[PDB]
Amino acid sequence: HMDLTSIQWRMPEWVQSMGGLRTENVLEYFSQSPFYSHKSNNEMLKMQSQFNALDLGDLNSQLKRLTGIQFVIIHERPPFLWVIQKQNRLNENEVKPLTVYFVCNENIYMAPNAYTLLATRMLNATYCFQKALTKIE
């Protein structure tokens, strides 16, 4: 297979067509890239929405109800960067960070592994805390 840690992707013809990148549409941009995965809860939602002609509103709330591969925005600095995280959602309370990507100046590429490491360390500490609170009652 082609190694995605060694490429950058950029599709200027889409950006112009949409009037520039915005938090509103950055994830859609990401969807046309080889980093996207059609196995994702993201994709499943895109199609229920189109097929049923339905507005499903806040994505993040829709993702909480599902399990599997997910893509979420975890950092916003319009109009230059957004940071996206691929994660495997285990349930409504747990998520496993898989990889993170940068969308910098319309360029998409995987961030160094350390960012994923930081993410999981953040989540682990959070989850350890929450499991610790369930016991007091």
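In case it trips you up, residue 1 is the first one in the sequence shown, and so on.
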Of 51-59 and 37-45, the stretch whose C-alpha atoms average the higher B-factor in the entry: 51-59
Relative C-alpha B-factor of residue 77, binned into the chain's lowest, middle or highest third: highest
Chain thirds of CA B-factor: placement of residue 85: lowest
Ranked C-alpha temperature factor of residue 8 among modelled chain residues, by third: middle
Residue 70 by Cα B-factor - lowest, middle or highest third of the modelled chain: lowest
Lowest, middle or highest third - CA B-factor, residue 107: middle
